[PDB]
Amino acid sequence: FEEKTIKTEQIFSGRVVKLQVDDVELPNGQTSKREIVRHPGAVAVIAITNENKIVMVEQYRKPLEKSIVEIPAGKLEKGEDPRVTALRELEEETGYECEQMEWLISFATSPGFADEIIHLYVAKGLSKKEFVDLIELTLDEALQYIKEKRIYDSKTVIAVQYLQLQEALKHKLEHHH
């Protein structure tokens, strides 16, 4: 099943948001329009300190009219290596360097209207290389921020769940025959 684009019209081209509408041909020969936001995507980092606290930053989010606590993340620049962007983000936003930075998962944030993709990485073995909006939380503190709706966006909820699973699964070992 595929919706072939016959024509694209740009509605808006901003510093964050590009909006376009595609005239598309349905497999039945009917035609219709698809509103599409284009977004360069983002890299995000789950950084877990040697005290096992997850590193976070408080950001003001104008669309929500509130500040929320998030894992660090940066815009992916044109043709840039996401892992390189990830490492720049750890240092610039938290002032931490790591020993490893490894890709965990990639996902769309809202594929019903946007093509934005998040690339989620895990940084382990942190040490420092100033930071007013920097917050380090224990796992239990993070779960409490979720209860409080201070943590409140997809990618940060996924990171907290990941830390949770890493604790809950740390003895797992399957031996098949």
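For every residue, the number given is its place in the sequence shown, counted from 1.
Asks: Enter the number of deposited residues without atomic coordinates between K149 and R150, binned as none, 1 to 3, 4 to 9, or 10 or more.
Replies: Per the deposited record, the segment joining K149 and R150 has no missing residues.
Asks: With respect to the recorded C-alpha B factors, which stretch has the higher mean value, 155-163 or 12-20?
Replies: Between 155-163 and 12-20, it is 12-20.
Asks: Could you settle it for me: does 58-66 or 105-113 have the higher average Cα B factor in the PDB entry?
Replies: Per the PDB entry, the higher value belongs to 58-66.
Asks: In terms of the chain's CA B-factor thirds, is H39 lowest, middle or highest?
Replies: As the PDB entry reports it, the C-alpha B-factor of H39 lands in the middle third of its chain.
Asks: Classify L87 as lowest, middle or highest third according to the C-alpha B-factor given in the PDB entry, relative to its own chain.
Replies: Answer is highest: the recorded C-alpha B-factor places it there.
Asks: Which third of the chain holds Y145 when residues are ordered by C-alpha B factor: lowest, middle or highest?
Replies: As the PDB entry reports it, the C-alpha B-factor of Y145 lands in the middle third of its chain.
Asks: With respect to C-alpha B-factor, does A47 fall in the lowest, middle or highest third of the chain as deposited?
Replies: It falls in the middle third of the chain.
Asks: What third of its chain, lowest, middle or highest, does the C-alpha temperature factor of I118 fall into?
Replies: Lowest third of the chain for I118's C-alpha B-factor.
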